[PDB]
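The form deposited in one PDB entry is given below as one chain in structure tokens.
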């Protein structure tokens, strides 16, 4: 539950489930994912549904979409890390930054699927989970695991929470664009 193995596993399945959902929206079963889909249990599915709803709102943030559409790199891992390290360089973590990270990593993977480069999939997911372990694992264990993500976004004005999620990601992309 709060074990490092469960926290890593849930992070992997959350990232996978979000990518697979967007993959299916664009191409049904056609996209070559190159990671085996894992059936999700009841608790993890609730987290995946939360991330799905936040992802849809982030998709409708114009400034953020402009910034993400502006990344066109042969090395998505390098921009992923620049954004990840900047976002968490302040040392004041909360679930909105975690969500923004998983959202941005998923978009990087989707641009690889959409360009028929399935090896970037494992590279980006590997980097995301490595970053999860090195930077975020201690804080998530302190929170009691992933369940608190659900509390964070469980309010009627979750869209106002999501302004700050989009905001922190836009700020780190602006940093990377000036690097």
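Positions refer to the first chain, counted from 1.
Across the two stretches, 47-55 and 111-119, the PDB entry reports the greater mean Cα temperature factor for 111-119. Taking only CA atoms, the mean B-factor in the PDB entry is higher for 69-77 than for the other of 100-108 and 69-77. Which of 124, 132, 140, 34 has the largest Cα B-factor in the deposited entry comes down to 34. Annotation for 128, 61, 151, 40: 151 ranks highest, by Cα B-factor.
Sort the chain's modelled residues by C-alpha temperature factor and residue 170 lands in the middle third, per the entry. Annotation for residue 162: CA B-factor lies in the middle third of the chain's modelled residues. Ranked by Cα temperature factor within the chain, residue 145 sits in the lowest third according to the deposited record. When the modelled residues of the chain are ordered by their C-alpha B factor, residue 26 lands in the middle third.
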